[PDB]
Amino acid sequence: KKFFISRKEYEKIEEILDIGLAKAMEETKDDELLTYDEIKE
Amino acid sequence: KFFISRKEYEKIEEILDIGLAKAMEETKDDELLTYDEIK
Amino acid sequence: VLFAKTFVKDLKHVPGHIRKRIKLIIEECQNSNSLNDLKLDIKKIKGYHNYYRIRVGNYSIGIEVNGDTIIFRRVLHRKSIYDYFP
Amino acid sequence: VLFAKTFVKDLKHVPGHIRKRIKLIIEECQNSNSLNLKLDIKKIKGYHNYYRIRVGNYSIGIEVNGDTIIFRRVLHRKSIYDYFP
């Protein structure tokens, strides 16, 4: 019930994670852009 | 080795499922052979 | 049971002992036209209608169940699946 | 630096100890306007001007539009899986 993977598997997973993150960013394309002052509100 | 468990393992399994489904979609127009024909 | 052409190519790159296990599955499928989920590791694939995966060691068999018809479509190693994304 | 609206939504889920590390990252590129810094930063392959910074189990997704650094996402690795594929 506890899982362990190799380094080659970890590396492939990091590649998957970059693409997912890229697609996550694509979802924000029409977002208002905020300054630092604006983000703390 | 690198620890992963466990909610993350399931998410990786989902991706593996989608990759296989996609692999299966490549065969959508394939000739379907009978049990007899395959050897 | 029906078998997609590609499933036959897929089976060429499968170790003897796993092919044997797959043969057993197909044989039991030929006798009962069902797959035993108590003996086999069978999972419905989300986001699709009739796709299921059966885990045999490091290999996944991709099957489509269209009504009563069972179609063996692919058999791939874990490492080979990571490659099927556009 | 600029911040996509979604980044704020993303930040409400990030724990204190990571939020402190992100602040140090924001603070530094505010005066330097560069992310080059002991940062685990990499360019995301297949995309234009996209970069990932790893902060423990979180990843910050950044776009560099010319000379502007835009913080777009900050996500736990478990959450990133859903956006693939």
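What the deposited record gives as its method is X-ray crystallography, and the resolution it gives is 2.20 Å.

(A) Region of the structure containing the environment of C:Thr6. Among the secondary structure elements, C:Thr6 is positioned in helix 1 (residues 5–12). Taking the relative accessible area as the measure of exposure, C:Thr6 reaches 14% and is therefore buried. Placed 67 residues apart in sequence, C:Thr6 and C:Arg73 show a C-alpha to C-alpha distance of 6.9 Å. Filtering out sequence-adjacent residues up to four positions away, C:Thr6 remains in contact with B:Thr27, B:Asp30, C:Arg73 and C:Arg74.

(B) Structural view of a positive patch on the surface. Positive charge collects at one region of the surface, where B:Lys39, C:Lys5, C:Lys9, C:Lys12 and C:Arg19 lie side by side. Take the positive patch: its biggest share by element is three residues, from helix 1 of chain C. Tracing the chain through its elements places C:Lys12 in helix 1.

(C) Summary view of the environment of D:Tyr51. Along the chain, D:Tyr51 falls in strand 3 (residues 50–55). Taking the C-alpha atoms as reference points, D:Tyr51 and D:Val74, 23 residues apart in sequence, are found 12 Å from one another. If we ignore the near neighbours within four places in the chain, the residues touching D:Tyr51 are A:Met25, D:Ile41, D:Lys42, D:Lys43, D:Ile44, D:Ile60, D:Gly61, D:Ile62 and D:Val64.

Definitions and cut-offs
Residues numbered from 1 in each chain as written, not as in the entry; some residues may be left out. Chains lettered and ligands numbered in written order. Heavy atoms only, no water. Helix = DSSP H or I, 4+ residues; strand = E, 2+ residues; numbered from the N terminus. Buried < 20%, exposed > 50% of the residue type's maximum accessible area, 1.4 Å probe, protein only. Contact = heavy atoms within 4.5 Å. Patch = residues over 30% accessible without salt bridge, like charges linked within 9 Å, V, L, I, M, F, W, Y side chains within 5 Å. Areas by Shrake-Rupley, 256 points an atom, 1.4 Å probe, with all protein chains shown as cover. Salt bridge = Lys/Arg side-chain N within 4 Å of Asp/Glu carboxyl O. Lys, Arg positive; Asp, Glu negative; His and termini not counted. Charge placed at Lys NZ, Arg CZ, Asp CG, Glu CD.

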